[PDB]
file input35.cif (mmCIF, C-alpha atoms and all ligand atoms)
data_data
#
loop_
_atom_site.group_PDB
_atom_site.id
_atom_site.type_symbol
_atom_site.label_atom_id
_atom_site.label_comp_id
_atom_site.auth_asym_id
_atom_site.auth_seq_id
_atom_site.Cartn_x
_atom_site.Cartn_y
_atom_site.Cartn_z
ATOM 1 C CA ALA A 2 5.764 10.170 -2.645
ATOM 2 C CA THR A 3 4.500 7.005 -0.923
ATOM 3 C CA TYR A 4 0.812 6.750 -0.045
ATOM 4 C CA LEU A 5 -0.832 3.976 1.990
ATOM 5 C CA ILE A 6 -4.607 3.496 1.916
ATOM 6 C CA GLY A 7 -6.731 1.165 4.041
ATOM 7 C CA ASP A 8 -9.569 -1.146 3.037
ATOM 8 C CA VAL A 9 -11.330 0.202 -0.052
ATOM 9 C CA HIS A 10 -14.237 -2.295 -0.114
ATOM 10 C CA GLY A 11 -15.564 -1.214 -3.479
ATOM 11 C CA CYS A 12 -15.572 2.479 -2.553
ATOM 12 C CA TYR A 13 -14.241 3.535 -5.936
ATOM 13 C CA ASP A 14 -15.519 7.131 -5.825
ATOM 14 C CA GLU A 15 -13.889 7.745 -2.438
ATOM 15 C CA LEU A 16 -10.622 6.141 -3.516
ATOM 16 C CA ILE A 17 -10.322 8.326 -6.605
ATOM 17 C CA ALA A 18 -11.331 11.453 -4.690
ATOM 18 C CA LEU A 19 -8.694 10.752 -2.029
ATOM 19 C CA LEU A 20 -5.987 10.096 -4.621
ATOM 20 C CA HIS A 21 -6.909 13.356 -6.397
ATOM 21 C CA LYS A 22 -6.670 15.147 -3.037
ATOM 22 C CA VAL A 23 -2.998 14.103 -2.771
ATOM 23 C CA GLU A 24 -2.412 14.498 -6.550
ATOM 24 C CA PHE A 25 -1.325 10.864 -6.809
ATOM 25 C CA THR A 26 0.842 10.546 -9.912
ATOM 26 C CA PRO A 27 1.934 7.083 -11.102
ATOM 27 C CA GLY A 28 5.619 7.229 -11.943
ATOM 28 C CA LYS A 29 6.302 9.867 -9.292
ATOM 29 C CA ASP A 30 4.297 8.207 -6.500
ATOM 30 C CA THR A 31 3.623 4.679 -5.244
ATOM 31 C CA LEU A 32 0.392 3.498 -3.602
ATOM 32 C CA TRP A 33 0.220 0.761 -0.962
ATOM 33 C CA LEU A 34 -3.197 -0.846 -0.416
ATOM 34 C CA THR A 35 -4.055 -2.977 2.611
ATOM 35 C CA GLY A 36 -6.408 -5.240 0.634
ATOM 36 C CA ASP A 37 -10.115 -5.898 0.886
ATOM 37 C CA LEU A 38 -10.439 -4.060 -2.388
ATOM 38 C CA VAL A 39 -13.857 -5.562 -3.005
ATOM 39 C CA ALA A 40 -17.284 -6.185 -1.460
ATOM 40 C CA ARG A 41 -19.958 -4.123 0.312
ATOM 41 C CA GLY A 42 -19.245 -0.883 -1.497
ATOM 42 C CA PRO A 43 -20.835 -0.518 -4.929
ATOM 43 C CA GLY A 44 -17.777 -0.320 -7.168
ATOM 44 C CA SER A 45 -15.694 -3.476 -6.748
ATOM 45 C CA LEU A 46 -15.443 -3.820 -10.528
ATOM 46 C CA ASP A 47 -14.071 -0.317 -11.078
ATOM 47 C CA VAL A 48 -11.738 -0.679 -8.083
ATOM 48 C CA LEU A 49 -10.180 -3.867 -9.446
ATOM 49 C CA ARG A 50 -9.851 -2.420 -12.954
ATOM 50 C CA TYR A 51 -8.134 0.717 -11.662
ATOM 51 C CA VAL A 52 -5.779 -1.003 -9.189
ATOM 52 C CA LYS A 53 -4.706 -3.565 -11.782
ATOM 53 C CA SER A 54 -4.047 -0.727 -14.252
ATOM 54 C CA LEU A 55 -1.554 0.848 -11.824
ATOM 55 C CA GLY A 56 0.979 -1.961 -12.288
ATOM 56 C CA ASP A 57 4.262 -1.275 -10.482
ATOM 57 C CA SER A 58 2.822 1.948 -9.013
ATOM 58 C CA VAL A 59 0.757 -0.092 -6.554
ATOM 59 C CA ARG A 60 1.855 -2.549 -3.856
ATOM 60 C CA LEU A 61 -1.188 -4.596 -2.817
ATOM 61 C CA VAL A 62 -1.699 -7.223 -0.145
ATOM 62 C CA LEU A 63 -4.700 -9.561 -0.302
ATOM 63 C CA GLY A 64 -7.395 -9.401 2.378
ATOM 64 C CA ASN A 65 -10.029 -11.859 3.542
ATOM 65 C CA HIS A 66 -12.725 -10.421 1.254
ATOM 66 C CA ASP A 67 -10.405 -10.591 -1.756
ATOM 67 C CA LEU A 68 -9.902 -14.284 -0.997
ATOM 68 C CA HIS A 69 -13.644 -14.778 -0.526
ATOM 69 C CA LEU A 70 -14.294 -13.208 -3.938
ATOM 70 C CA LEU A 71 -11.812 -15.644 -5.458
ATOM 71 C CA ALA A 72 -13.628 -18.503 -3.727
ATOM 72 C CA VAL A 73 -16.966 -17.343 -5.150
ATOM 73 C CA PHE A 74 -15.462 -16.959 -8.623
ATOM 74 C CA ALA A 75 -14.062 -20.490 -8.452
ATOM 75 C CA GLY A 76 -17.407 -21.964 -7.354
ATOM 76 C CA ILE A 77 -16.017 -22.863 -3.920
ATOM 77 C CA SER A 78 -18.184 -20.470 -1.910
ATOM 78 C CA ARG A 79 -21.656 -19.004 -2.232
ATOM 79 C CA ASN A 80 -22.181 -15.376 -3.232
ATOM 80 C CA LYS A 81 -23.800 -13.206 -0.548
ATOM 81 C CA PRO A 82 -26.104 -10.497 -1.938
ATOM 82 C CA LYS A 83 -24.794 -7.965 0.581
ATOM 83 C CA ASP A 84 -21.261 -8.129 -0.913
ATOM 84 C CA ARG A 85 -22.484 -6.531 -4.191
ATOM 85 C CA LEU A 86 -20.068 -8.607 -6.270
ATOM 86 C CA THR A 87 -22.343 -9.520 -9.176
ATOM 87 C CA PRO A 88 -21.246 -6.734 -11.593
ATOM 88 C CA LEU A 89 -17.631 -7.823 -11.142
ATOM 89 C CA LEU A 90 -18.422 -11.542 -11.386
ATOM 90 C CA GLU A 91 -20.456 -10.950 -14.558
ATOM 91 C CA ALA A 92 -17.979 -8.550 -16.170
ATOM 92 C CA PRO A 93 -16.518 -9.585 -19.531
ATOM 93 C CA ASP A 94 -13.045 -9.137 -18.036
ATOM 94 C CA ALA A 95 -13.805 -11.016 -14.796
ATOM 95 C CA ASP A 96 -11.331 -13.803 -15.653
ATOM 96 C CA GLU A 97 -8.538 -11.310 -16.416
ATOM 97 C CA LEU A 98 -9.188 -9.272 -13.258
ATOM 98 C CA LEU A 99 -9.448 -12.218 -10.891
ATOM 99 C CA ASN A 100 -6.511 -14.160 -12.328
ATOM 100 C CA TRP A 101 -4.510 -11.003 -11.708
ATOM 101 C CA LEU A 102 -5.931 -10.646 -8.180
ATOM 102 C CA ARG A 103 -4.992 -14.161 -7.097
ATOM 103 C CA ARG A 104 -1.358 -13.548 -8.098
ATOM 104 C CA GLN A 105 -0.944 -10.598 -5.761
ATOM 105 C CA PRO A 106 1.098 -10.821 -2.541
ATOM 106 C CA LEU A 107 0.009 -11.368 1.026
ATOM 107 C CA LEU A 108 2.973 -9.396 2.350
ATOM 108 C CA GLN A 109 4.873 -6.322 1.171
ATOM 109 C CA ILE A 110 8.274 -5.291 2.558
ATOM 110 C CA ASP A 111 10.286 -2.122 1.861
ATOM 111 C CA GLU A 112 13.692 -2.337 3.528
ATOM 112 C CA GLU A 113 14.695 1.289 2.925
ATOM 113 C CA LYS A 114 11.525 2.418 4.687
ATOM 114 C CA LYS A 115 11.789 -0.419 7.225
ATOM 115 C CA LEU A 116 8.114 -0.912 6.429
ATOM 116 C CA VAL A 117 6.019 -4.088 6.373
ATOM 117 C CA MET A 118 2.422 -4.376 5.212
ATOM 118 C CA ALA A 119 -0.102 -7.204 5.478
ATOM 119 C CA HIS A 120 -3.875 -7.163 5.564
ATOM 120 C CA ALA A 121 -4.300 -7.962 9.260
ATOM 121 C CA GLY A 122 -0.753 -7.324 10.461
ATOM 122 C CA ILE A 123 2.050 -9.661 11.524
ATOM 123 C CA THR A 124 1.372 -12.150 14.306
ATOM 124 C CA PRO A 125 3.886 -11.783 17.164
ATOM 125 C CA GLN A 126 4.648 -15.501 16.744
ATOM 126 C CA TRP A 127 6.405 -14.774 13.428
ATOM 127 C CA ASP A 128 9.849 -13.367 12.789
ATOM 128 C CA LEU A 129 10.436 -11.758 9.402
ATOM 129 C CA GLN A 130 11.930 -14.806 7.694
ATOM 130 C CA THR A 131 8.960 -16.920 8.751
ATOM 131 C CA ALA A 132 6.445 -14.307 7.620
ATOM 132 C CA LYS A 133 8.200 -14.218 4.239
ATOM 133 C CA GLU A 134 8.255 -17.995 3.867
ATOM 134 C CA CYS A 135 4.580 -18.334 4.831
ATOM 135 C CA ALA A 136 3.543 -15.557 2.451
ATOM 136 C CA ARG A 137 5.523 -17.240 -0.327
ATOM 137 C CA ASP A 138 3.891 -20.634 0.365
ATOM 138 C CA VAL A 139 0.331 -19.341 0.241
ATOM 139 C CA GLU A 140 1.042 -17.057 -2.728
ATOM 140 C CA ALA A 141 2.360 -20.123 -4.536
ATOM 141 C CA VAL A 142 -0.862 -22.052 -4.008
ATOM 142 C CA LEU A 143 -2.971 -19.019 -4.976
ATOM 143 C CA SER A 144 -1.008 -18.458 -8.193
ATOM 144 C CA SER A 145 -1.223 -22.134 -9.190
ATOM 145 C CA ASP A 146 -3.717 -23.801 -11.518
ATOM 146 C CA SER A 147 -5.039 -25.708 -8.497
ATOM 147 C CA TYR A 148 -5.948 -22.649 -6.428
ATOM 148 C CA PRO A 149 -9.655 -23.635 -5.956
ATOM 149 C CA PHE A 150 -8.487 -26.585 -3.838
ATOM 150 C CA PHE A 151 -6.535 -24.235 -1.573
ATOM 151 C CA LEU A 152 -9.406 -21.765 -1.366
ATOM 152 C CA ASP A 153 -11.670 -24.591 -0.230
ATOM 153 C CA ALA A 154 -9.116 -25.760 2.295
ATOM 154 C CA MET A 155 -8.434 -22.278 3.728
ATOM 155 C CA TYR A 156 -11.731 -22.096 5.615
ATOM 156 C CA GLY A 157 -11.404 -22.953 9.296
ATOM 157 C CA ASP A 158 -10.420 -21.402 12.610
ATOM 158 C CA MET A 159 -7.767 -23.923 13.700
ATOM 159 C CA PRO A 160 -4.910 -24.364 14.385
ATOM 160 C CA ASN A 161 -4.489 -20.954 16.033
ATOM 161 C CA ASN A 162 -0.952 -21.412 17.367
ATOM 162 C CA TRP A 163 2.099 -21.209 15.118
ATOM 163 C CA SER A 164 4.781 -23.904 15.090
ATOM 164 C CA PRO A 165 7.457 -24.575 12.447
ATOM 165 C CA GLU A 166 6.306 -28.195 12.791
ATOM 166 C CA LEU A 167 2.888 -27.388 11.314
ATOM 167 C CA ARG A 168 2.251 -29.202 8.044
ATOM 168 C CA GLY A 169 -0.415 -29.488 5.406
ATOM 169 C CA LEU A 170 -3.914 -28.081 5.703
ATOM 170 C CA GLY A 171 -3.388 -26.741 9.219
ATOM 171 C CA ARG A 172 -0.242 -24.899 8.194
ATOM 172 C CA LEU A 173 -2.029 -23.182 5.282
ATOM 173 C CA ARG A 174 -5.115 -22.335 7.353
ATOM 174 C CA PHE A 175 -3.048 -20.746 10.120
ATOM 175 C CA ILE A 176 -1.005 -18.735 7.620
ATOM 176 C CA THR A 177 -4.170 -17.499 5.901
ATOM 177 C CA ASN A 178 -5.817 -16.590 9.198
ATOM 178 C CA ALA A 179 -2.725 -14.795 10.527
ATOM 179 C CA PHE A 180 -2.340 -12.639 7.422
ATOM 180 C CA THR A 181 -6.011 -11.927 6.687
ATOM 181 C CA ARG A 182 -8.208 -12.479 9.761
ATOM 182 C CA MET A 183 -6.108 -11.783 12.883
ATOM 183 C CA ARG A 184 -7.178 -9.175 15.403
ATOM 184 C CA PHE A 185 -6.806 -10.390 19.003
ATOM 185 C CA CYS A 186 -4.217 -12.660 20.566
ATOM 186 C CA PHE A 187 -4.026 -14.594 23.777
ATOM 187 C CA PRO A 188 -1.011 -13.656 25.938
ATOM 188 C CA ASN A 189 1.050 -16.443 24.333
ATOM 189 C CA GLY A 190 0.368 -15.011 20.851
ATOM 190 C CA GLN A 191 -2.344 -17.531 19.941
ATOM 191 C CA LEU A 192 -4.963 -16.214 17.527
ATOM 192 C CA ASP A 193 -8.538 -15.621 18.625
ATOM 193 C CA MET A 194 -10.833 -16.001 15.600
ATOM 194 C CA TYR A 195 -14.104 -14.750 17.129
ATOM 195 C CA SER A 196 -13.800 -11.290 18.685
ATOM 196 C CA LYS A 197 -14.051 -8.445 16.171
ATOM 197 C CA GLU A 198 -14.677 -5.626 18.656
ATOM 198 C CA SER A 199 -12.558 -2.656 19.599
ATOM 199 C CA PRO A 200 -9.736 -3.341 22.080
ATOM 200 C CA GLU A 201 -11.667 -1.625 24.887
ATOM 201 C CA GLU A 202 -14.729 -3.834 24.237
ATOM 202 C CA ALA A 203 -12.844 -7.127 24.089
ATOM 203 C CA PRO A 204 -12.958 -9.746 26.865
ATOM 204 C CA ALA A 205 -9.887 -10.501 28.939
ATOM 205 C CA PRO A 206 -7.259 -11.872 28.492
ATOM 206 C CA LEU A 207 -7.444 -10.861 24.820
ATOM 207 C CA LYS A 208 -5.051 -8.164 23.606
ATOM 208 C CA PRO A 209 -4.498 -6.704 20.129
ATOM 209 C CA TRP A 210 -1.851 -8.582 18.203
ATOM 210 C CA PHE A 211 0.199 -5.377 18.102
ATOM 211 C CA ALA A 212 0.183 -5.117 21.932
ATOM 212 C CA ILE A 213 2.330 -8.270 22.161
ATOM 213 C CA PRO A 214 5.984 -7.487 21.338
ATOM 214 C CA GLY A 215 7.134 -9.494 18.353
ATOM 215 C CA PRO A 216 10.378 -9.571 16.404
ATOM 216 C CA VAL A 217 8.985 -7.995 13.229
ATOM 217 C CA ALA A 218 7.362 -5.090 15.045
ATOM 218 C CA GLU A 219 10.560 -4.447 17.026
ATOM 219 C CA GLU A 220 12.521 -3.726 13.829
ATOM 220 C CA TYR A 221 9.905 -2.642 11.266
ATOM 221 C CA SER A 222 6.934 -0.361 11.059
ATOM 222 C CA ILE A 223 3.773 -2.323 10.245
ATOM 223 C CA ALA A 224 0.872 -0.946 8.234
ATOM 224 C CA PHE A 225 -2.336 -2.943 8.016
ATOM 225 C CA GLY A 226 -6.045 -2.573 7.425
ATOM 226 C CA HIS A 227 -8.791 -5.108 8.167
ATOM 227 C CA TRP A 228 -9.785 -4.163 11.736
ATOM 228 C CA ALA A 229 -12.498 -1.588 11.156
ATOM 229 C CA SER A 230 -13.717 -1.491 14.777
ATOM 230 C CA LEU A 231 -10.252 -0.262 15.756
ATOM 231 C CA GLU A 232 -11.088 2.905 13.779
ATOM 232 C CA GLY A 233 -7.367 3.449 13.183
ATOM 233 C CA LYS A 234 -6.830 4.429 16.838
ATOM 234 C CA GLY A 235 -5.041 3.050 19.862
ATOM 235 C CA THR A 236 -1.917 1.730 18.157
ATOM 236 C CA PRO A 237 1.682 1.981 19.440
ATOM 237 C CA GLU A 238 4.425 3.926 17.717
ATOM 238 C CA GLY A 239 5.340 2.254 14.443
ATOM 239 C CA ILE A 240 1.955 0.514 13.994
ATOM 240 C CA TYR A 241 -0.378 2.054 11.393
ATOM 241 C CA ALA A 242 -4.004 0.878 11.387
ATOM 242 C CA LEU A 243 -5.307 2.318 8.118
ATOM 243 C CA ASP A 244 -8.832 0.804 7.973
ATOM 244 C CA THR A 245 -11.193 3.570 9.114
ATOM 245 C CA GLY A 246 -14.310 1.865 7.773
ATOM 246 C CA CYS A 247 -15.093 3.625 4.503
ATOM 247 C CA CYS A 248 -17.637 1.044 3.361
ATOM 248 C CA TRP A 249 -19.283 1.205 6.800
ATOM 249 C CA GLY A 250 -19.966 4.936 6.553
ATOM 250 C CA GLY A 251 -16.691 5.884 8.183
ATOM 251 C CA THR A 252 -13.805 7.272 6.158
ATOM 252 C CA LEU A 253 -11.120 6.259 3.692
ATOM 253 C CA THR A 254 -7.679 7.065 5.115
ATOM 254 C CA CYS A 255 -4.463 7.803 3.199
ATOM 255 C CA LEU A 256 -1.086 8.115 4.912
ATOM 256 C CA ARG A 257 1.850 9.760 3.161
ATOM 257 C CA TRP A 258 4.952 7.958 4.397
ATOM 258 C CA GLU A 259 7.556 10.674 3.911
ATOM 259 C CA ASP A 260 5.974 13.066 6.416
ATOM 260 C CA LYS A 261 3.467 10.719 8.093
ATOM 261 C CA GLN A 262 0.732 13.091 6.985
ATOM 262 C CA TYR A 263 -2.859 11.816 6.933
ATOM 263 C CA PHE A 264 -5.509 12.679 4.334
ATOM 264 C CA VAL A 265 -9.112 11.576 4.803
ATOM 265 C CA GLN A 266 -12.019 11.094 2.388
ATOM 266 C CA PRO A 267 -15.489 10.932 3.974
ATOM 267 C CA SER A 268 -17.713 8.042 2.977
ATOM 268 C CA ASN A 269 -20.378 8.963 0.405
ATOM 269 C CA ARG A 270 -22.797 6.465 1.967
HETATM 270 MN MN MN B 1 -12.145 -5.038 5.402
HETATM 271 MN MN MN B 2 -10.400 -7.754 6.296
#

call {"tool": "encode", "arguments": {"input": "input35.cif", "output": "structure tokens", "more": "lines below"}}
Ligand SMILES: [Mn+2]
Ligand SMILES: [Mn+2]
result
Amino acid sequence: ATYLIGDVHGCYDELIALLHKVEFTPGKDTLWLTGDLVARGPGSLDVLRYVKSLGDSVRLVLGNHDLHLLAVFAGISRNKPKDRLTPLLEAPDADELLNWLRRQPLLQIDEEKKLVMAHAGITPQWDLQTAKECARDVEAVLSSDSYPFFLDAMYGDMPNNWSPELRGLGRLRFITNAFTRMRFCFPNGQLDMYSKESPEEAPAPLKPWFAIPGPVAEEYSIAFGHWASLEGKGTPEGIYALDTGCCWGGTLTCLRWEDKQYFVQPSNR
């Protein structure tokens, strides 16, 4: 079976309880995770250990908090006490865990399921070939010995409009923001980097990225996490918002792909 789970955010107990609920069995089953494995919840260390141990039985995409953890680890960014990352950062296997984490994809595609996953979704300004090329470019910098330079360069809110003519720092920053920070778009598809509210609470003319028809969404289902204030609701057919806010006191959500059946684990917080 194929299971897809939204942002775990260190909620190790809830993740294991949910997987036991569906009798997740590596070798028979595959787990897709929308990223943001770490921060806020108490068990980022156990989450990373477990997910890495799954190997080919898990298909991960990196989220914005995963990238922030890598930035903290590399000395690029300051650790925030609220993220509860110190046990992971101080673990004897921190190097092993985080060097694995930075090699994971930003984008997962299953052609037989016609299924695409990224942390925040797929901007309507991207077709599939462009999404693939951009994911490959940023994954290459993240997997390289020089990844702290990219992590430092990734921070920024501009440019917010895609063009194949983009080059250099702006190209990487847009790619990173589209895959891991996107929520709202202007009517032309341009990213808004400030509003984090629910669609009903957002100011005009902002619309959810998935409310703007784009070539990937027209052919593929898209699963994503990230947007907790969406609460997994209000999406069109073929769009699966899996982040139901477990670390925030909401729930951890698991979708079984074969029958589109949902399983929910309440937050222990
Ligand atoms: Mn998140
Ligand atoms: Mn996120």

call {"tool": "residues_near_ligand", "arguments": {"input": "input35.cif", "ligand": "ligand MN 1 (chain B)", "cutoff": "7 Å", "atoms": "only C-alpha atoms and all ligand atoms", "output": "ChimeraX atom specification"}}
result
/A:8,10,37,66,226-229

call {"tool": "closest_atom_pairs", "arguments": {"input": "input35.cif", "of": "chain A", "to": "ligand MN 2 (chain B)", "cutoff": "12 Å", "atoms": "only C-alpha atoms and all ligand atoms", "output": "CSV"}}
result
residue,atom,partner,partner_atom,distance
A:7,CA,B:MN2,MN,9.9
A:8,CA,B:MN2,MN,7.4
A:9,CA,B:MN2,MN,10.2
A:10,CA,B:MN2,MN,9.3
A:35,CA,B:MN2,MN,8.8
A:36,CA,B:MN2,MN,7.4
A:37,CA,B:MN2,MN,5.7
A:38,CA,B:MN2,MN,9.4
A:39,CA,B:MN2,MN,10.2
A:40,CA,B:MN2,MN,10.5
A:41,CA,B:MN2,MN,11.8
A:62,CA,B:MN2,MN,10.8
A:63,CA,B:MN2,MN,8.9
A:64,CA,B:MN2,MN,5.2
A:65,CA,B:MN2,MN,5.0
A:66,CA,B:MN2,MN,6.2
A:67,CA,B:MN2,MN,8.5
A:68,CA,B:MN2,MN,9.8
A:69,CA,B:MN2,MN,10.3
A:119,CA,B:MN2,MN,10.3
A:120,CA,B:MN2,MN,6.6
A:121,CA,B:MN2,MN,6.8
A:122,CA,B:MN2,MN,10.5
A:177,CA,B:MN2,MN,11.6
A:178,CA,B:MN2,MN,10.4
A:179,CA,B:MN2,MN,11.2
A:180,CA,B:MN2,MN,9.5
A:181,CA,B:MN2,MN,6.1
A:182,CA,B:MN2,MN,6.3
A:183,CA,B:MN2,MN,8.8
A:184,CA,B:MN2,MN,9.8
A:197,CA,B:MN2,MN,10.6
A:225,CA,B:MN2,MN,9.5
A:226,CA,B:MN2,MN,6.9
A:227,CA,B:MN2,MN,3.6
A:228,CA,B:MN2,MN,6.5
A:229,CA,B:MN2,MN,8.1
A:230,CA,B:MN2,MN,11.1
A:242,CA,B:MN2,MN,11.9
A:243,CA,B:MN2,MN,11.4
A:244,CA,B:MN2,MN,8.9
A:245,CA,B:MN2,MN,11.7
A:246,CA,B:MN2,MN,10.5
A:248,CA,B:MN2,MN,11.8

call {"tool": "resolve_selection", "arguments": {"input": "input35.cif", "expression": "the PyMOL selection byres (((chain A and resi 221-223) around 8) and not hetatm)", "output": "PyMOL selection string"}}
result
chain A and resi 115-119+122-123+217-220+224-225+239-241

call {"tool": "residues_around", "arguments": {"input": "input35.cif", "residues": "residue 57 (chain A)", "least_positions_apart": "3", "cutoff": "12 Å", "atoms": "all atoms listed in the file", "output": "list in words"}}
result
residues 27, 28, 29, 30, 31, 32, 33, 52, 53, 54, 60, 61 and 105 of chain A

call {"tool": "resolve_selection", "arguments": {"input": "input35.cif", "expression": "the PyMOL selection byres (((chain A and resi 149-163) around 9) and not hetatm)", "output": "compact mmCIF listing (two decimals) with C-alpha atoms, in the coordinates of the input"}}
result
# COMPACT_ATOMS: atom_id res chain seq x y z
CA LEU A 68 -9.90 -14.28 -1.00
CA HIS A 69 -13.64 -14.78 -0.53
CA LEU A 71 -11.81 -15.64 -5.46
CA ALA A 72 -13.63 -18.50 -3.73
CA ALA A 75 -14.06 -20.49 -8.45
CA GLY A 76 -17.41 -21.96 -7.35
CA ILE A 77 -16.02 -22.86 -3.92
CA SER A 78 -18.18 -20.47 -1.91
CA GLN A 126 4.65 -15.50 16.74
CA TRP A 127 6.40 -14.77 13.43
CA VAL A 139 0.33 -19.34 0.24
CA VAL A 142 -0.86 -22.05 -4.01
CA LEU A 143 -2.97 -19.02 -4.98
CA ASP A 146 -3.72 -23.80 -11.52
CA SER A 147 -5.04 -25.71 -8.50
CA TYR A 148 -5.95 -22.65 -6.43
CA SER A 164 4.78 -23.90 15.09
CA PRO A 165 7.46 -24.58 12.45
CA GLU A 166 6.31 -28.20 12.79
CA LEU A 167 2.89 -27.39 11.31
CA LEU A 170 -3.91 -28.08 5.70
CA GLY A 171 -3.39 -26.74 9.22
CA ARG A 172 -0.24 -24.90 8.19
CA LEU A 173 -2.03 -23.18 5.28
CA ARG A 174 -5.12 -22.34 7.35
CA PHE A 175 -3.05 -20.75 10.12
CA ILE A 176 -1.00 -18.74 7.62
CA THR A 177 -4.17 -17.50 5.90
CA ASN A 178 -5.82 -16.59 9.20
CA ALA A 179 -2.72 -14.80 10.53
CA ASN A 189 1.05 -16.44 24.33
CA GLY A 190 0.37 -15.01 20.85
CA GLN A 191 -2.34 -17.53 19.94
CA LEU A 192 -4.96 -16.21 17.53
CA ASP A 193 -8.54 -15.62 18.62
CA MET A 194 -10.83 -16.00 15.60
CA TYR A 195 -14.10 -14.75 17.13

call {"tool": "atom_distance", "arguments": {"input": "input35.cif", "atom1": "CA of residue 263 (chain A)", "atom2": "CA of residue 15 (chain A)"}}
result
15.0 Å

call {"tool": "residues_around", "arguments": {"input": "input35.cif", "residues": "residue 93 (chain A)", "least_positions_apart": "5", "cutoff": "12 Å", "atoms": "all atoms listed in the file", "output": "ChimeraX atom specification"}}
result
/A:46,50,87-88,98-99

call {"tool": "closest_residue", "arguments": {"input": "input35.cif", "among": "A:85, A:258, A:129, A:265", "to": "residue 233 (chain A)", "atoms": "only C-alpha atoms"}}
result
A:265

call {"tool": "atom_distance", "arguments": {"input": "input35.cif", "atom1": "CA of residue 270 (chain A)", "atom2": "CA of residue 89 (chain A)"}}
result
20.1 Å

call {"tool": "atom_distance", "arguments": {"input": "input35.cif", "atom1": "CA of residue 198 (chain A)", "atom2": "CA of residue 251 (chain A)"}}
result
15.7 Å

call {"tool": "closest_residue", "arguments": {"input": "input35.cif", "among": "A:26, A:196, A:58, A:100", "to": "residue 70 (chain A)", "atoms": "all atoms listed in the file"}}
result
A:100
